[PDB]
Amino acid sequence: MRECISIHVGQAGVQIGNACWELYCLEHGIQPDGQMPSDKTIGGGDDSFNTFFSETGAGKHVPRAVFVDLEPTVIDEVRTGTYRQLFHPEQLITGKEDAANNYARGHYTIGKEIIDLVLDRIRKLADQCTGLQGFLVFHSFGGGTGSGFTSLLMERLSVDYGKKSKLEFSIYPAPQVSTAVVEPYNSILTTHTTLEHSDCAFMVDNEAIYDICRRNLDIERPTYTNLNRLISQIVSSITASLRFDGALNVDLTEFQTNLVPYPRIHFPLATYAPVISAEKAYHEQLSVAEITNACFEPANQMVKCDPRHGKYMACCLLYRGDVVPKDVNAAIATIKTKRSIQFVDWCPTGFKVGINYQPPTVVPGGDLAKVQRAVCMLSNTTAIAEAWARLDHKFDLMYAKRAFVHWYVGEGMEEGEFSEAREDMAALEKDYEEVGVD
Amino acid sequence: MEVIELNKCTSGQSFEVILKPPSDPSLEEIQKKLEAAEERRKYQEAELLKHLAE
Amino acid sequence: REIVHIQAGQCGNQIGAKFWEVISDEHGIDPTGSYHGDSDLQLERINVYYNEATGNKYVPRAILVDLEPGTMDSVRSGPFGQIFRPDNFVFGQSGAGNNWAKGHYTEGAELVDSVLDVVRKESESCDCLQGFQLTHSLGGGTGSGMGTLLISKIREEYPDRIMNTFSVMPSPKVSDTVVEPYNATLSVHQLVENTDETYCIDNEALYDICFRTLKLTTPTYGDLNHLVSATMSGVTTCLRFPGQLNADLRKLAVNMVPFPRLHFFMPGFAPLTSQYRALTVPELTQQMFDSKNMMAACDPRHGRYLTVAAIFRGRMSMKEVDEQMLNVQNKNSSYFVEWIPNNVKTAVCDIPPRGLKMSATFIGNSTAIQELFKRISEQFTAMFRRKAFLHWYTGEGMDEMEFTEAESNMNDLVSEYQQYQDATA
Amino acid sequence: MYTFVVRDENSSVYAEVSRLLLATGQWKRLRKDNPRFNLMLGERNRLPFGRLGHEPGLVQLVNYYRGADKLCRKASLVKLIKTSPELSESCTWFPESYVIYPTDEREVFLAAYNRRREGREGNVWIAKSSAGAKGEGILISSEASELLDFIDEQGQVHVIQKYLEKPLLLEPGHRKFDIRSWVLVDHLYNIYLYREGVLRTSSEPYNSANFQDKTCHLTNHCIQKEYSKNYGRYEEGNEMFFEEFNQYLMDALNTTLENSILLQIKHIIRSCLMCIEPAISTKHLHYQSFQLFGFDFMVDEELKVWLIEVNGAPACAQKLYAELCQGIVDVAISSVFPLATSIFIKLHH
Ligand SMILES: Nc1nc2c(ncn2[C@@H]2O[C@H](COP(=O)(O)OP(=O)(O)OP(=O)(O)O)[C@@H](O)[C@H]2O)c(=O)[nH]1
Ligand SMILES: O=C(Cc1ccc(-c2ccc(OCCN3CCOCC3)cc2)cn1)NCc1ccccc1
Ligand SMILES: Nc1ncnc2c1ncn2[C@@H]1O[C@H](COP(=O)(O)OP(=O)(O)CP(=O)(O)O)[C@@H](O)[C@H]1O
Ligand SMILES: Nc1nc2c(ncn2[C@@H]2O[C@H](COP(=O)(O)OP(=O)(O)O)[C@@H](O)[C@H]2O)c(=O)[nH]1
Ligand SMILES: [Ca+2]
Ligand SMILES: [Ca+2]
Ligand SMILES: [Ca+2]
Ligand SMILES: [Ca+2]
Ligand SMILES: [Mg+2]
Ligand SMILES: [Mg+2]
Ligand SMILES: [Mg+2]
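Protein chains in written order, with this note's numbering: chain A, 1 to 438; chain B, 1001 to 1054; chain C, 2001 to 2425; chain D, 3001 to 3349.
Okay, here's the thing in C-alpha cells:
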C-alpha cells in the first residue's frame, strides 16, 4: 500500500477539501470521532482506505491532509465543524492577512514567510508514510492564495519530492459566483508557473457546476455548499480507485499513464451523471446506457465545451453501483454509432473502464438523490482548450491597458512575468490545436 | 470491439474495450527569485519614504 | 481585522459623529457603550470598528481632531457623545480660518504629533490592523489641510496599511468662503498620492438631492449629513457584518482600483430618505443607478464605468437581484469599459438600515468623476489667474509655485480620466 | 430590448438583416467586441465559437454552425460523401470525384480514368478547389495528365470530378446553367428551403468540342457579367427565376419544376444536412446556431439533378434580398428573441 497526501490551499481548496473528507468518512464508514467500527486491525493496517487515512493506537483514522489558508476564517470552521476532532492542530495552518486576490501577494510577499512551515508540516505527514505516492492539491485559480501560494508550493514540492506525482483539482473562475475582476490574471500566472510541476490537473469551471445545480437540482441560486458537495461527488469518484480494491487507476502514476500522453496537455475533462435532486421523491432510475450517453452531453461536463469539435487522446469510465461489463460495452457500441467521437490518429480509440459495486454515497439531507448507478467520465479532449481561450482573451483585454497591474508590481513581481506567463499559454493553446485540428 | 485486462474483485471489476487500433528549477533558483522580488519591494518602499522625507 | 477611524474639522466631525450614531444603532450599541441587540450577526464583526472594554462595553476606535474646540464640544454633548474614548479628543484652540496652509503647515503642524500618538495607541491594541478611514471636508482648513497632513504622516509610519477617505467636496451652492477652490485643489493632490480609496461626496449633489428629490426647500447641513451617514453605513456594510463576502479593505481596493491615481469613487444610495411603500428589487436597482441618486454631481452617462460595486441590504430574492443587476448592465452596456470584463460586482447583507426594509448602496469608479475635478479647477483658475486671495496663503509661508503645481496635477488627473473614457478593446 | 454585433461587414445578406433588425425598434447594435450581445453576425473565418454562451443572463445566437465547413469546402465535401454510411461511396446524385494533393487517391482516380479509357466514352473531367475566386483556377480537360499537371502547378489541394458532358440546355440558345437554392437551418435544426431559387445562366451556346474557352461551360455570375458580350439578352443578369423556368419546362418538356427537379433537390438538401446533424447541432449546447446555405445544382438532359457544391456564406439575388432576409429574421432570429403564409418550404425529418 502507498499513501497519498491531500493539500487544500485557500478558501476554495479548504472548503472543497472539507466536503470531500466528509464524503470519504461516509463512504468508508468513519464517524466524526475518527473511529471506524468495521476496521478490525486496530491502530494499523495496509488496507486501501489507509492510502488516505492514518491510524492512531486509540483507533482514530486521521486524514493524510494539510489545510493552509493565509487568513483563519475558513480553517477555523474546520476547527469547529462536525469533523473537528478528525484532524490535529498541526494539519491546519493559518495566516493573519490573506493575498487580497493578488497572485504576487500570495506567491512572493506572504508566500515566502509561510512556505517553509507548510513544507515542514507536510514533512511530518510524509514521515508517517511507508511509501508515499505524491499529492492531491486542491485550490482555486482566482484566489491570491489559491493561485499564488499554490504555485510556490508546487515548485518546492518538486524540489523536496522530485519523484512523487502531483495531481491538481483546480477551480476555474466563473463570474456568476462572485469573482474578483483580476482572476484571469491570477489564473494565467498560476497555470504558467505550475504547468511543468503538475502531472494531471482536473479543472472544474464554477459556471458548469452552477448551471448543473440550477438545472438538475432546481436550486435557484446555488451556494458554495451546494457547489462543493457536487464537486466532492466528482472528486470522490475520481479518487475511489485509490481508496478501494480495484485494478484501474490504483496508482497516482496510472492517472498520467492512462490520461496524459503529452505532459503539457494534462487537463482531462470530467463528465458526471446522473445528478438528480433529492426533493424528487421517486425518479425513474437511469440505465447504464442512459448515464453513459449522458457523459457526452456538454451540459454534464465540469467545463462547458464541445468535444465534437476536438479530438480524444484517452478516455476512462468510472462507474459506481449496479453495473456489469456487458451493459457498458452494449452502451458504448450504440453510443459510438450515434456520436462524433474522433481520437487522435497516433492513439487507440478505446475506453478504460472501472466499476466499483458500492453505489454513490450522498450526504444525509443534502441536495443529491441516492441513485443505483452513476458514472464519471475522464476524457483528455482538445476541446477543453476552449477554456484556455476564454481566459486568455480576458487576460489580453485587461493587460493591453495594464489595468490592475500596479497591484502585482507593488508586491515585487515584474511586468515581464505577465507576458512570459501569457506567451506560455499561447504555446499551450497552439499545442492543443496542432493535436486536434487538421 | 474486444475486451481486455478484465480484473475482478469483490468490490468491483475493471477492463479495457478497444474499438479500433491506432494509426525543474532548483531550490536556490527559487529562493533567489523570491528574494529578487523582495528587494524590488524594498527599493520601491525606500523611494517612497525618500519622497516623503522630501 | 480592525479599522481606525479619524474625523478632522467641523465637517469631518459632524459627519463622523452621525456615522457613529447610525452604525452604533445597527450593531445594537446604546449611547453608553452597552450592547442591547437581538441578533449576533450584530457582533460577529463588531471588533472592526469597536474596542471591547470593561464590562463588555464597546467604545469606537475613533480619533476626533480639530484646531478649535467648538464642534467637538457639540459632539461630546451630542446624542452619542459619551460613547467616545475621552483621550481620543485631540484639539487646539487657534482654529484654521478656512486656510489649507494653516492646517497643513503652521497650526496643524503644531498639533499633528499629538494625533499620531493617539493613532499609535489605537493601532498598538489591534490584533490585525486593516487600515484607516478619515472623514473630512476639502474646502475648509483643518479637515482639508491638516487632514491631508495626517494622511501623509500616517502613510510614513504605516506604509503598508490601507487609507480610505470620505471627502466632502465644496460647491458654490453650499459654500462657506471664497477660498474653497484653493483648499480643495491643494487637498486633491494629496489624496491622489496618499489614499487608496476616496469617496467623493459633493455638497452640490447633497443639496440638489435634498431640494429636488427629498422636497426640502431650505436644506441644512444636518439634512445633507443624513444622506452622508446613510451612505457611509452602506459603503462599510460588507465589512461590518458576517456575510458570504470575505473581503478586507485591501481586497476591495484591489477589485475597484485598476490604476493607482484613479481611486475616486461616486457613492450612491436608494431609496432616498428624509415612508412605508416597500421597495421592489427592480426599483432599488434602477434608482441605485440613477444619476439623481449619486452623491457626486456627475452624470455617469458622460463617462464610462471602470468598476462598480453594489451592496443590497435586507431580505430579498437574490435571484431577482442578480436578474436586475445583469439587466441594467445589458440594457446600458456601452457605459461599462469592455477591457475590464465582469466589472460589476454585487453583495448582499440580510440586516437592513434602520427604518427601511430594503436598501442599496452604489459604489462607482467612473471616468465621469472628472467633471467634479474640472469644476473645482475652473473655480481655482478663475481667481488664481488674478492671484486673488493668495495673501492669506503666502502669509503662512506658501509660495505661488505650490499652487501652480497643485493645479497642474489636478489637470493631469483630469486628462487621465479622459484617456480611459475613450479607450477601446 | 435585444442586442447584436456585426463582425462580417462584407456580407450582403446580413448587412440587410442588420438594418432590418434596427428598423424594428427592439434591436440595438453594439460594437464588434462587446460581449454582452444576444446575437452575433459572425466573421466567416476563425469565428470564436468557444467564447459564446458564457455570458451570464444572456441567451446567445450566432449565424453560423460550428462544423458546417465539412459540407461547404469542396475537399471535405467529397471526403464526407464517400466516408459516411448515410451517403455512401454508392451515391447517385453526386458526381464521381477524387481529392488530389500536389488520404490522397491520385491513382484510384487514374484507375477510373483508365476505365473510361477502355470503353472510350465521355472521359471529360474538371479540376477545381475552394481557393478559386469567382472563376479562376478552374480547368476542364479531356486527358488526365494535363489536369494533374495543373494540379501540382500550385499549392492548394484540389478535387477532380466528372464533367457532366450532357447537361440540360435551355433554348433558344443551347445554353448551360446551374440552380441555386437557399436553405436556412434554424436553432432547432428545422431545414427551411426558400421558395425562390435562381438559375445562373450561360448566355454562350454550349460547345462540346473545345473546353479551352471558359465561358459557355462555367456558370458563375461575374464571369458572364465580365467576359460575355451577349450576356443579358435572354434575361436580365443571366438570372432566370422559378416561374419562368417552370413555365419553360411545361411548354418545352411537358413537365413541372417541382416534379422534374425540386423533388430531387429537396432530397439532396435533407440527406446532406441530416448527415452532419449529430456533429453540429446546438440543441443541448450553451449557445445556439442558425445558418443560411447556398446549394448549387446541375441538371442533365435526363432531368436528373446533381449536387455541385454547398456554400456556407452565400450571397443572394438582388430581387429577393428583401424577402429572404426578412425570412431569416422571422424564422431564425425572432424565433429565439420574439417581438411585440410562409416563404420557406420546411423539409421535415
Ligand atoms: N467551487 C467553489 N469555489 C470557491 C469557493 N470559495 C471560493 N471560490 C472561488 O474562488 C475564487 C476566489 O478565490 P478564493 O479561494 O476565495 O481566494 P483564496 O485562495 O482564499 O486567496 P485570497 O485572495 O488570499 O483570499 C472565486 O472565483 C470563487 O468563485 C468554494 O468554496 N467552492
Ligand atoms: O470597498 C469598499 C466599499 C465596497 C464594498 C464592497 C465591494 C465589493 C463587493 C463584492 C465584490 O465582488 C466579490 C469578489 N469576491 C470576494 C471573495 O473572493 C471571491 C471574489 C467586490 C467588491 C466594493 N466596495 N470598502 C468599504 C469601506 C470604504 C471606506 C472606508 C471603510 C470601509
Ligand atoms: N462536374 C461538373 N460537370 C459539369 N459542369 C461542371 C461541373 N462542376 C462545375 N461545372 C460548371 O462549373 C460551374 C461551377 O463550378 P464551382 O463548383 O467551382 O463554383 P464556385 O464554387 O467556384 C462559385 P460560388 O461557390 O461562389 O457559388 C458549374 O455550375 C457548372 O456549370
Ligand atoms: N456636508 C457637510 N459639509 C460641510 C459641513 N460643514 C462644513 N461643510 C463644508 O466644508 C466647507 C467648510 O469646511 P469646514 O469643515 O467647516 O472647515 P474645517 O473645520 O477647518 O475643516 C464648506 O465647503 C462646506 O460646504 C457639514 O456639516 N456637512
Ligand atoms: Ca486498520
Ligand atoms: Ca516533477
Ligand atoms: Ca502657536
Ligand atoms: Ca512625539
Ligand atoms: Mg482567502
Ligand atoms: Mg467651518
Ligand atoms: Mg464555393
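No residue lacks a Cβ here, since even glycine has one placed at the ideal position from N, Cα and C.
Exercise. Under 7 Å Cβ to Cβ from C:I2151, same chain only, skipping five residues before and after it: list those, please.
Key: To locate residue 2151 of chain C, count along the third sequence from 1; it is residue 151. Taken in chain order, the residues that qualify are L2134, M2163, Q2190, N2194, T2195.
Self-check item: Distance cut 5 Å, beta-carbon to ligand 9 heavy atom: residue list by chain order
Solution: A:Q11, A:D98
Quiz item: Which residues mark the beginning and the end of the beta strand (DSSP E) in which C:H2005 is found?
Solution: For this step, residue 2005 of chain C is matched to residue 5 along the third sequence. It spans 2002-2008 - the beta strand (DSSP E) in which C:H2005 sits, taken as one unbroken run.
Quiz item: How is C:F2166 classed by DSSP in three states: helix, strand or coil?
Solution: Taking the third sequence and counting its residues from 1, the one referred to as residue 2166 of chain C is at position 166. Three-state DSSP puts C:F2166 in a strand.
Exercise. Determine the chain F residues that contact A:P32 at a beta-carbon separation under 8 Å, and present them in chain order.
Key: The structure shown has no chain F; the protein chains it does contain are A, B, C and D.
Quiz item: Taking 8 Å as the cut-off, does the CB of A:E415 come closer than this to any heavy atom belonging to ligand 5?
Solution: On the first sequence, position 415 is the one that residue 415 of chain A refers to. No.
Quiz item: Excluding the five sequence neighbours on either side, which residues of its own chain have a C-beta within less than 8 Å of the C-beta of D:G3173, listed in chain order?
Solution: As a first step, residue 3173 of chain D is located in the fourth sequence; it is residue number 173 there, counting from the start. Closer than 8 Å at Cβ, skipping near neighbours: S3203, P3205, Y3234.
Practice problem: Ignore the nearest five residues each way along the sequence and tell me which others in C:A2425's own chain have a CB closer than 7 Å to its CB. | Solution: Here residue 2425 of chain C refers to the residue found at position 425 of the third sequence. Excluding positions up to five away in sequence, the list reads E2338, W2339.
Self-check item: Rounded C-alpha distance that separates D:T3255 from D:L3262
Solution: In the fourth sequence, counting from the first residue as 1, residue 3255 of chain D sits at position 255. In the fourth sequence, counting from the first residue as 1, residue 3262 of chain D sits at position 262. Approximately 12 Å between the Cα atoms of the pair.
Quiz prompt | Run of the beta strand (DSSP E) containing C:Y2050, from where it starts to where it stops | solution = Working through the third sequence from its first residue, we reach residue 2050 of chain C at position 50. 2050-2053 is the extent of the beta strand (DSSP E) around C:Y2050.
Quiz prompt | Distance CB(A:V328)-CB(A:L248) smaller than 9 Å | solution = Here residue 328 of chain A refers to the residue found at position 328 when the first sequence is read from its first residue. Here residue 248 of chain A refers to the residue found at position 248 when the first sequence is read from its first residue. Going by C-beta atoms, A:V328 is not nearer than 9 Å to A:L248.
Self-check item: Contact residues within the region 178-207 of chain A, judged by C-beta distance below 8 Å to chain C
Solution: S178, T179, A180, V181, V182, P184
Quiz prompt | At least 3 beta-carbon pairs within less than 8 Å: the region 295-309 of chain A vs the region 390-402 of chain A | solution = no
Exercise. Please write down, chain order preserved, every residue whose beta carbon lies under 5 Å from a heavy atom of ligand 5.
Key: A:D39, A:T41, A:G45
Quiz item: Can you give the Cα-Cα distance for C:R2277 and C:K2357, rounded to whole angstroms?
Solution: On the third sequence, residue 2277 of chain C is found 277 positions in, with the first residue counted as 1. On the third sequence, residue 2357 of chain C is found 357 positions in, with the first residue counted as 1. Looking at the two C-alpha atoms, the distance is approximately 10 Å.
Exercise. For C:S2359, name the three-state secondary structure that DSSP assigns.
Key: On the third sequence, position 359 is the one that residue 2359 of chain C refers to. Strand.
Practice problem: Say whether the region 287-305 of chain A touches the region 243-260 of chain A, bearing in mind that this needs 3 or more beta-carbon pairs closer than 8 Å, one atom from each stretch. | Solution: no
Quiz item: So what's C:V2118 in DSSP terms, helix, strand or just coil?
Solution: Along the third sequence, read from residue 1 onward, the residue named residue 2118 of chain C stands at position 118. Correct three-state label for C:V2118: helix.
Quiz item: Contact check, A:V137 vs A:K166 under 8 Å by CB: the rounded distance?
Solution: What you label residue 137 of chain A is simply residue 137 of the first sequence in a count that begins at 1. What you label residue 166 of chain A is simply residue 166 of the first sequence in a count that begins at 1. About 6 Å separates the two Cβ atoms, so the contact holds.
Quiz item: When you check each C-beta in the region 1021-1035 of chain B against every C-beta of chain A, which residues fall closer than 9 Å?
Solution: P1021, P1022, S1023, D1024, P1025, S1026, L1027, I1030, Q1031, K1033, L1034, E1035
Quiz item: How many Å lie between C:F2132 and A:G366 at the Cα?
Solution: Residue mapping note: residue 2132 of chain C aligns to position 132 of the third sequence, counting from 1. Residue mapping note: residue 366 of chain A aligns to position 366 of the first sequence, counting from 1. Straight-line Cα distance between these residues: approximately 43 Å.
Quiz prompt | Neighbour list for A:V353 in chain B, Cβ cutoff strictly below 8 Å | solution = Start at 1 with the first residue of the first sequence, and residue 353 of chain A comes out as number 353. Here the neighbours are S1014, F1015, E1016, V1017.
Quiz item: Would the beta-carbon of D:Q3161 be found less than 8 Å away from any heavy atom of ligand 3?
Solution: In the fourth sequence, the residue the question calls residue 3161 of chain D occupies position 161. Because some heavy atom of ligand 3 lies under 8 Å away, the Cβ of D:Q3161 counts as near it: yes.
Quiz prompt | Outcome for D:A3340 when other beta-carbon atoms lying within 10 angstroms are tallied against a minimum of 16 | solution = For the purposes of this step, residue 3340 of chain D is taken as the residue at position 340 of the fourth sequence. The residue in question, D:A3340, is exposed, as its Cβ has fewer than 16 Cβ neighbours within 10 Å.
Quiz item: How big is the Cα-Cα spacing for C:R2001 and C:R2120?
Solution: Residue 2001 of chain C sits at position 1 when you count from the first residue of the third sequence. Residue 2120 of chain C sits at position 120 when you count from the first residue of the third sequence. Each residue's alpha carbon lies about 16 Å from the other.
Quiz item: Looking only at DSSP bridge pairs, what is A:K60 linked to?
Solution: Here residue 60 of chain A is taken as the residue at index 60 of the first sequence, counted from 1. A:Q35.
Exercise. Report yes or no: is there a C-beta of chain C within less than 9 Å of the C-beta of B:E1047?
Key: Position 47 of the second sequence, counted from the first residue, corresponds to residue 1047 of chain B. No, because no Cβ of chain C sits closer than 9 Å to the Cβ of B:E1047.
Quiz item: Can you find a C-beta in chain B that's less than 9 Å from the C-beta of C:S2408?
Solution: The sequence position of residue 2408 of chain C within the third sequence is 408, counting from 1. Cβ-Cβ to chain B under 9 Å: no for C:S2408.
Practice problem: Could you tell me which residues DSSP pairs with A:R320 in its beta bridges? | Solution: Start at 1 with the first residue of the first sequence, and residue 320 of chain A comes out as number 320. A:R320 pairs with A:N356, A:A374.
Self-check item: Whether A:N102 touches A:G45 by CB criterion (9 Å)
Solution: As a position in the first sequence, residue 102 of chain A is number 102, starting the count at 1. As a position in the first sequence, residue 45 of chain A is number 45, starting the count at 1. Cβ atoms of A:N102 and A:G45: not closer than 9 Å.
Quiz item: Does any heavy atom of ligand 11 sit closer than 8 Å to the C-beta of D:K3070?
Solution: Translated into positions along the fourth sequence, residue 3070 of chain D becomes position 70. Not under cutoff, so the answer is no.
Exercise. Report the neighbours of B:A1053 on chain A: residues whose CB is nearer than 9 Å to its CB, in chain order.
Key: Residue 1053 of chain B sits at position 53 when you count from the first residue of the second sequence. By Cβ distance, chain A contributes nothing, its closest Cβ being about 20 Å from B:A1053, past 9 Å.
Quiz item: Any idea if D:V3013 is buried or exposed, counting beta-carbon neighbours within 10 angstroms, 16 or more meaning buried?
Solution: Numbered from 1 along the fourth sequence, position 13 holds the residue referred to as residue 3013 of chain D. Its Cβ being crowded by 16 or more others within 10 Å, D:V3013 is buried.
Exercise. Would you please state the rounded distance, in angstroms, between the beta carbons of C:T2307 and C:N2343? I believe it to be under 8 Å.
Key: Position 307 of the third sequence, counted from the first residue, corresponds to residue 2307 of chain C. Position 343 of the third sequence, counted from the first residue, corresponds to residue 2343 of chain C. With a Cβ gap of about 5 Å, C:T2307 and C:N2343 count as contacting.
Quiz prompt | Contact test: C:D2087 Cβ vs ligand 8 heavy atom, cutoff 8 Å | solution = Stepping through the third sequence from its first residue, residue 2087 of chain C is reached at position 87. Outside the cutoff, so no.
Quiz item: Can you pull the DSSP bridge partners for C:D2113?
Solution: Translated into positions along the third sequence, residue 2113 of chain C becomes position 113. Paired residues: none, contrary to the question.
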